[PDB]
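Colleague: Below you will find the structure I want to go over with you.
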Amino acid sequence: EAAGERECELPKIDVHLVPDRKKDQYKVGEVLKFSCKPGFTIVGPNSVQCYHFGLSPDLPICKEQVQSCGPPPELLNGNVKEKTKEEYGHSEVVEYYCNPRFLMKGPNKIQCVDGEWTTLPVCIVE
């Protein structure tokens, strides 16, 4: 009996972690987005899939204390349109804008994760 499959059940995550679904058994191809508790920051993979060998990649962790990352980086052919505060914070996104000659490819905003900002929008001439 049983196919070649090997389906998933929610593994032992962090006590302060909370999965998006939060179901007991995950079907192969379920993406278990994780997050941490209200006052916790999730660090690591915030989305793992249920594969036919198990939930992968391995689970992220929870940090209450993160960095504020200071001000955001510059944009290559734009700038930050928002008020650059000396202290942003985790999950604080920064709306950028590129010049009126470019198309903005990636996310115009980026949020700082742990203490590192995510991948910039990047714009190209239209």
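Residue numbers (the authors' numbering): 562 to 687. Idealized CB from N, CA, C, for every residue including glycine.
Using the rule of at least 16 other Cβ atoms within 10 Å of the residue's Cβ for burial, across every protein chain shown, is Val-576 buried or exposed?
Modeller: By one-based count along the sequence shown, residue 576 stands at place 15. Answer is exposed; the Cβ neighbour count stays below 16.
Colleague: Taking the alpha carbon of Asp-585 as the point to measure from, which residue in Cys-569, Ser-617, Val-641 has its own alpha carbon closest?
Modeller: Taking the first residue of the sequence shown as 1, we reach residue 585 at position 24. The candidate whose alpha carbon is nearest that of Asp-585 is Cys-569.
Colleague: Using C-beta distances below 6 Å, list every residue in its chain close to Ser-608, excluding the 5 sequence neighbours before and after it, in chain order.
Modeller: By one-based count along the sequence shown, residue 608 stands at place 47. Cβ neighbours of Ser-608 beyond the five flanking positions: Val-592, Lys-594.
Colleague: Whose C-beta lies closer than 6 Å to the C-beta of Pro-632 among residues of the same chain, with five residues either side of it excluded?
Modeller: Mapped onto the sequence shown, residue 632 falls at position 71. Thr-645, listed in sequence order.
Colleague: Express the C-alpha separation of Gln-626 and residue 515 in angstroms, rounding to a whole number.
Modeller: There is no way to answer for residue 515, as the model of the chain reaches only from 562 to 687.
Colleague: Is DSSP giving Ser-596 helix, strand or coil here?
Modeller: Start at 1 with the first residue of the sequence shown, and residue 596 comes out as number 35. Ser-596 falls in the strand class under three-state DSSP.
Colleague: CB of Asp-619 to nearest heavy atom of the ligand GTP: below 7 Å?
Modeller: In terms of ligand content, the structure shown is empty, and the ligand GTP therefore cannot be addressed.
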